[PDB]
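Participant: Below you will find the structure I want to go over with you.
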Amino acid sequence: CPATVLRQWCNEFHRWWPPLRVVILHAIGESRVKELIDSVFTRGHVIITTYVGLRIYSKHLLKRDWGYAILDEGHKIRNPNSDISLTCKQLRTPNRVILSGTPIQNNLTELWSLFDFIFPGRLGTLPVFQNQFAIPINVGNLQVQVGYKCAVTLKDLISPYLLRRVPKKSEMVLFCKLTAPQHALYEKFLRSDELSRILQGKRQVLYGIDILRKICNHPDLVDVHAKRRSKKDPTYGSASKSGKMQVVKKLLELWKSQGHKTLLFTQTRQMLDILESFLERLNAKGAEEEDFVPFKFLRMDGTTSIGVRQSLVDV
DNA sequence: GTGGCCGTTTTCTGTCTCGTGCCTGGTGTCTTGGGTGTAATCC
């Protein structure tokens, strides 16, 4: 189980079934873990492990036989060929159960790799799994019917191996335009040597679409002095240059006076600096004048500690 | 509140030489004939 539910997983054991003994894979539940191993198979009933902690004591875990196997992680297995398979699929037990309602999110290769852990391959090998129906599903008449049967065969083959069970919502998508300073920086980066250099193969496209998203968030994020002016230059953020501040200012102020607890969502902690300078400036403007209320934001990320979590989640 | 590592998202005329290949002058090895030689047999 993840490290965010470690105590939780021991808790239901304690409350529902006290007769079941339990031992987490930590300093308690290099010799000390070996005395822990002493009578962890006869006396010990259930062993708990964080899915980072197996490769801390795997020397004396993967060796002996095991019974029932539970893994509460269906998005940290995904596709094959990773440390996942290295420390997981070497377990010695038919009983293999995964607890996750989102196993399929990227591709059917993840499906094959997840089916491998539970069953020894009722479908076939990875080359077999691919050559069977990988391309036909993607491309697809000339595809549908043969593809229809080749897919329903898979559905009947794996269906008795994974269970499936399922106010209102408004999805308004606004299509804003690139500003003129944005279009200039877009064309400048558009016609440059680095893009072709990435395309031919010396680099990866992952570093050329991260920088063209770096300009869409706002112009001032493709600067070389990003860290040098992120939190010590009160002009780094700015407004109306991003092409989205106006549909941010208007949309957030339509709820600020309306009193609607709203969620602002990003992906980068670097753009958090800009949206945080922006909202501090909004706070300054509101506080200087009257008939208003402080914006009162907060930012949470991996920089903070695991202890904080729920607290802010609650506040 | 310090970091470790994995996990992740996409598809230079200029001149010379060194070597050799080709042409040629020599030279081997031979073939024909021509006379010398013997045969020889008419009568």
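Residue numbers start at 1 in each chain; chains themselves are named A, B, ... in the order of the structure tokens; ligands are numbered from 1 in the order shown.
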Could you tell me which residues of chain A sit within 12 Å of chain B when counting only C-alpha atoms (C1' of nucleotides), and give me the result as a VMD selection string?

Facilitator: chain A and resid 52 75 to 78 82 to 84 106 198 to 201 203 to 210 303 to 308

Participant: Keeping only N, CA and C atoms, write those residues as a tab-separated table (two decimals), in the first residue's frame.

Facilitator:
```tsv
chain	number	residue	atom	x	y	z
A	52	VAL	N	7.69	1.45	-1.89
A	52	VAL	CA	9.04	1.97	-2.10
A	52	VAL	C	9.98	1.15	-1.23
A	75	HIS	N	-1.50	2.14	-10.69
A	75	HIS	CA	-0.97	3.17	-11.57
A	75	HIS	C	0.54	3.28	-11.41
A	76	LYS	N	1.11	2.49	-10.51
A	76	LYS	CA	2.55	2.34	-10.38
A	76	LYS	C	3.00	0.94	-10.80
A	77	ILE	N	2.26	0.35	-11.74
A	77	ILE	CA	2.69	-0.87	-12.42
A	77	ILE	C	2.70	-0.57	-13.91
A	78	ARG	N	1.57	-0.09	-14.43
A	78	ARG	CA	1.44	0.35	-15.81
A	78	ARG	C	1.97	-0.67	-16.81
A	82	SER	N	10.28	-2.26	-16.09
A	82	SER	CA	10.60	-1.25	-15.09
A	82	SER	C	11.00	-1.93	-13.78
A	83	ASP	N	11.37	-1.15	-12.77
A	83	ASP	CA	11.70	-1.69	-11.46
A	83	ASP	C	10.48	-2.36	-10.84
A	84	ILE	N	9.30	-2.01	-11.36
A	84	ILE	CA	8.04	-2.63	-10.96
A	84	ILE	C	8.15	-4.14	-11.12
A	106	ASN	N	-3.42	4.72	-20.09
A	106	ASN	CA	-2.47	5.11	-21.12
A	106	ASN	C	-2.65	4.22	-22.34
A	198	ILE	N	16.04	18.84	-32.04
A	198	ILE	CA	15.26	17.89	-31.25
A	198	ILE	C	14.59	16.86	-32.15
A	199	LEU	N	14.03	17.31	-33.27
A	199	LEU	CA	13.32	16.43	-34.19
A	199	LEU	C	14.22	15.34	-34.77
A	200	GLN	N	15.43	15.71	-35.17
A	200	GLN	CA	16.30	14.74	-35.84
A	200	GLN	C	16.73	13.61	-34.90
A	201	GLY	N	16.90	13.90	-33.61
A	201	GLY	CA	17.08	12.81	-32.67
A	201	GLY	C	18.06	13.01	-31.53
A	203	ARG	N	18.01	15.11	-29.22
A	203	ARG	CA	17.26	15.41	-28.01
A	203	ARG	C	15.86	14.81	-28.12
A	204	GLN	N	15.06	15.03	-27.09
A	204	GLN	CA	13.72	14.47	-27.00
A	204	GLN	C	12.67	15.57	-27.16
A	205	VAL	N	11.51	15.18	-27.70
A	205	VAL	CA	10.43	16.13	-27.91
A	205	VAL	C	9.81	16.58	-26.59
A	206	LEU	N	10.05	15.83	-25.51
A	206	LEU	CA	9.58	16.18	-24.17
A	206	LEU	C	10.13	17.49	-23.66
A	207	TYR	N	11.26	17.95	-24.19
A	207	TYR	CA	11.88	19.20	-23.76
A	207	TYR	C	11.56	20.35	-24.70
A	208	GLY	N	10.80	20.08	-25.76
A	208	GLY	CA	10.40	21.11	-26.70
A	208	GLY	C	8.92	21.43	-26.59
A	209	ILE	N	8.15	20.51	-26.00
A	209	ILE	CA	6.75	20.77	-25.71
A	209	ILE	C	6.55	21.26	-24.28
A	210	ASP	N	7.54	21.08	-23.41
A	210	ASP	CA	7.54	21.69	-22.08
A	210	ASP	C	7.85	23.18	-22.12
A	303	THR	N	7.21	20.19	-2.08
A	303	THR	CA	8.13	20.93	-1.22
A	303	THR	C	7.71	20.86	0.24
A	304	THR	N	6.41	20.89	0.51
A	304	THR	CA	5.90	20.78	1.87
A	304	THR	C	6.10	19.36	2.40
A	305	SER	N	5.65	19.11	3.62
A	305	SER	CA	5.86	17.83	4.28
A	305	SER	C	4.58	16.99	4.23
A	306	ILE	N	4.76	15.68	4.39
A	306	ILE	CA	3.63	14.76	4.45
A	306	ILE	C	2.75	15.04	5.66
A	307	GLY	N	3.31	15.63	6.72
A	307	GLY	CA	2.55	15.95	7.91
A	307	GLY	C	1.47	16.99	7.70
A	308	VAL	N	1.76	18.01	6.89
A	308	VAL	CA	0.85	19.13	6.69
A	308	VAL	C	-0.47	18.64	6.11
```

Participant: So which bits of region 12-140 of chain A end up helix (DSSP H, G or I) when you DSSP the backbone, as a PyMOL selection string?

Facilitator: chain A and resi 12-16+32-37+54-60+83-86+108-118+126-139

Participant: What does the distance from CA of residue 177 (chain A) to CA of residue 212 (chain A) come to in Å, to one decimal?

Facilitator: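 Those two atoms sit 14.6 Å apart.
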
Participant: Do you have the CA of residue 178 (chain A)-CA of residue 217 (chain A) distance handy?

Facilitator: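 Interatomic distance here is 10.3 Å.
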
Participant: Would you list the contacts of residue 69 (chain A) as number ranges by chain, taking every protein, DNA or RNA residue within 12 Å and counting only C-alpha atoms (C1' of nucleotides), but skipping same-chain residues closer than 3 positions in sequence?

Facilitator: A: 1, 46-49, 65-66, 72, 88-89, 91-99, 117-118
